[PDB]
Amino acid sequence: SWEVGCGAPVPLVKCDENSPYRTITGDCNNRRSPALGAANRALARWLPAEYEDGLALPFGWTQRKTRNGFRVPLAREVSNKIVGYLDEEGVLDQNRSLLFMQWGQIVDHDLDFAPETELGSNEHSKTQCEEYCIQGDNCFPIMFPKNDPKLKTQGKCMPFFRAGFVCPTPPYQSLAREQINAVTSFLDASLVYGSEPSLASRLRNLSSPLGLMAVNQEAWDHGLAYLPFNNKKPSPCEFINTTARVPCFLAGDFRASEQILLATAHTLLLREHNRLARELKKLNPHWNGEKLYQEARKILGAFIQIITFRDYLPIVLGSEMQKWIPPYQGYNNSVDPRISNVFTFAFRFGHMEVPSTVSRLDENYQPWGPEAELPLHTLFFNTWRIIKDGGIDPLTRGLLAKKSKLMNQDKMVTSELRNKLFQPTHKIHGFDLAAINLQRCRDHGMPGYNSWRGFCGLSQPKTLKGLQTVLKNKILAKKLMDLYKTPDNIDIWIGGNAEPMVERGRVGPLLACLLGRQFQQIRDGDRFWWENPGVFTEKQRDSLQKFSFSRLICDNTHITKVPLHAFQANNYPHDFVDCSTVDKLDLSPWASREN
């Protein structure tokens, strides 16, 4: 074993050991071991990393070197033969609204982020990789197979950069390579407030003692706030429409403007913070800016935890929920709350839940205009559609009235993401999210499918025949064997998502195991979990049990008709009720007395 303490985190840390508020970086959550779960630390390894040279080189790097006796198939080839399909008809989830997909992405970004390697401000490497597809140091190209149409119109590869790692970012020689998690492992709304003090600061409105988050000053949504714009140029959001020139938004998380619906969700939460903060000042006129800020923040963090654990996991894990996440019996300081490396791939099941279009609906939940339904790809890093095309209400109604895409063995990832993904850095709508995911497994030195099956105590198929029975699909099992020549080599992302779904769930057995464990840990390992005696009062907890995503929409948008259970498929107007019928968050329990 090697150094039990390498480390390039945010430096200076000193715990308050009486502070009723989480730190921004996640530090100090655990008392005996302060850095546990903090941002900018290595992702946890539940199993040893598997690299071509046992230390840092991904499998597929050295063409001649095999994995278990075989060549690992190209990411894009696996993408073309297994993940793609043409017919979007009949692909929608009959019982999960679009919000189901969307909330998952939110929880996801609150938990883990592995940014790519940074060594380019001045880089021509950013081009020796783009232009020539030359494999070298952190350039690990996604080569196009023979007969791939992109060869004819895009080039020879997709550029792709290895993820950052701990102890430098830079060159050489030590222990196995461990990727970084740039955000806090705890479900704490870090995505709204940021994971660095530096950013948490810039996001706040410190011009007034109200504890509000800064809002846009250039535009308004019917008197409702927008997230401030990011001042930094070049902006990708500006790029997709040189004429509208609208920048990306500035939020606690850098991926916020990835897609219009994710930016919509971010806006709702920022709105709830300021809403909470002003409602609190009304009750406690005495409280200062900091107190207003921390108490609202604390409330919002409880909201995310509650919606996630009460309404969202149950319908992901289905019958497996109880098997992995038992009833809460209290905080446990012996539990490692860190997000593991494999979790960040397991949680990518959501990619197969994204449909090809996004709609905007009007007050009666009718098409908003002539071009109400747009292709997903035209909305990547698209903020001008919100700002100069209706605000977020038409988008939010879409989230409630439309359905998520159903994971389907014959139709996995929509072409909008498989062939038209737009990356921050480059200029085309031609990347492949599926291939990227696959290349990224290898980059992260992930163990194979069967290593994880064994880890979860599940059978491990060694034969085509064995794979057919687990996957319950003859044809899918076959193309898989043809490309991988052995189950042991199947990349975890595609292997875990190819399994049939569990009863009342949306993921298979393997994924339910990987997801379930992770979630039980960040709950049980969180000293600030909302139900942990002492964090909130019994009276406060009674009030928080009433949160609902519907109420959230009611208090921060001009939608007045909403469903009671926002994550299940809901038809308008039968399943929609007036906001008055929806429980409000009673904040009197936060009222404070001096004398």
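So that there is no doubt, residue numbering starts at 1 and follows the sequence shown.
Q: Averaging C-alpha B-factors over each stretch, which comes out higher, 2-10 or 586-594?
A: Mean B over CA atoms: larger for 2-10.
Q: Would you determine, from the values in the PDB entry, which of 303-311 and 170-178 has the greater average C-alpha temperature factor?
A: According to the PDB entry, the answer is 170-178.
Q: Among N284, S257, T267, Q520, where is the Cα B factor highest in this entry?
A: Going by the entry's C-alpha B-factors, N284 comes out highest.
Q: Among the choices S79, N230, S451, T396, identify the one whose CA B-factor in the record is greatest.
A: The listed residue with the largest C-alpha B-factor is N230.
Q: Where does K411 sit by CA temperature factor within its chain: lowest, middle or highest third?
A: For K411, whose C-alpha B-factor we compare with every modelled residue in the chain, the answer is the middle third.
Q: Could you look up the Cα B-factor of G194 in the entry and say which third of the chain it sits in: lowest, middle or highest?
A: Answer is lowest: the recorded C-alpha B-factor places it there.
Q: Split the chain's modelled residues into thirds by Cα B-factor; is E130 in the lowest, middle or highest one?
A: Highest third.
Q: Is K388 in the lowest, middle or highest third of its chain when residues are ranked by C-alpha B-factor?
A: Answer is highest: the recorded C-alpha B-factor places it there.
Q: Against its chain's modelled residues, does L36's Cα B factor rank lowest, middle or highest third?
A: CA B-factor rank for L36: middle third.
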